[PDB]
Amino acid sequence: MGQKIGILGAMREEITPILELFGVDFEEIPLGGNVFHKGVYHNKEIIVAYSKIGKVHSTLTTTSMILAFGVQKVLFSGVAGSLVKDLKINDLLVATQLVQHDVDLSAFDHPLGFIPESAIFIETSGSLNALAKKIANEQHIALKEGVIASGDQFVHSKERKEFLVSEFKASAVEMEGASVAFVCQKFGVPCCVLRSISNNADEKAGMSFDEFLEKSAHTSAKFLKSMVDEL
């Protein structure tokens, strides 16, 4: 068999299209408040789950995937807010690096985003990111590669957008990527974080998020499936 693959979203809406697109029989397995969908696709075991929103939920679920299910790589798929003009609604990006943008130990003179015995930026798989870019090029679709900023707040203001761009040079904002990628690094598991834009993280981001959740989630899911087809 091929290498077992964990596939993660944050919300049920992000994994519904994934389950449908793979089209195989899934066994549901409950663990730690999550439901894991276990199946076989192209001679690979795939484990699919949504974590629920935010850093704690996604850290927990990723750790479970690795420790309880023994996944050998993790692909994350979902929606995000754009911080750059060139990332429009529905556009895709993969995270070259991620940061926890809400971490603040500045009282001890640490840079924002930094925690002792850790680092500001978290790395992802160069191999998976390069695969993503090749697939995008062949499909003739755009694919940005940049920094994704993750925190436990839904960002919907110009001020916070300006901070994320100025402090971290982030291209997009969401609430799970950094934690998923962090856990994968700690366990030596290759990770790719893929996001489709559904809003511009500004004052109207809530309405845009609602309008485009279904389409953006499907866009990311379809692309994730195209990556698995090449693995």
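Residue indices: 1-based, along the sequence shown.
Enquirer: Is the mean CA B factor in the deposited entry higher across 221 to 229 or across 1 to 9?
Expert: Higher mean C-alpha B-factor in the PDB entry: 1 to 9.
Enquirer: Could you settle it for me: does 198 to 206 or 22 to 30 have the higher average Cα B factor in the PDB entry?
Expert: The deposited B-factors put 22 to 30 ahead on the C-alpha mean.
Enquirer: Tell me, please, which of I115, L87, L98, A132 has the highest C-alpha B factor according to the deposited entry?
Expert: Comparing C-alpha B-factors across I115, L87, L98, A132, the top value belongs to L87.
Enquirer: Among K186, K38, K55, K52, which residue carries the highest C-alpha B-factor recorded in the PDB entry?
Expert: Among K186, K38, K55, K52, the PDB entry lists the largest C-alpha B-factor for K38.
Enquirer: Ranking the modelled residues of this chain by C-alpha B-factor as given in the entry, is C192 in the lowest, middle or highest third?
Expert: For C192, whose C-alpha B-factor we compare with every modelled residue in the chain, the answer is the lowest third.
Enquirer: Consider only the C-alpha atoms of the modelled residues in this chain, order them by B-factor as the entry records it, and name the third containing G151: lowest, middle or highest.
Expert: Lowest third of the chain for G151's C-alpha B-factor.
Enquirer: So where's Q72 on the chain's Cα temperature factor ranking, which third?
Expert: As the PDB entry reports it, the C-alpha B-factor of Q72 lands in the highest third of its chain.
Enquirer: Relative to the other modelled residues of the same chain, rank the CA B-factor of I46 and answer lowest, middle or highest third.
Expert: For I46, the deposited C-alpha B-factor lands in the highest third.
Enquirer: Using the temperature factors of the C-alpha atoms in this entry, rank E167 within its chain: lowest, middle or highest third.
Expert: It belongs to the middle third of the chain when residues are ordered by C-alpha B-factor.
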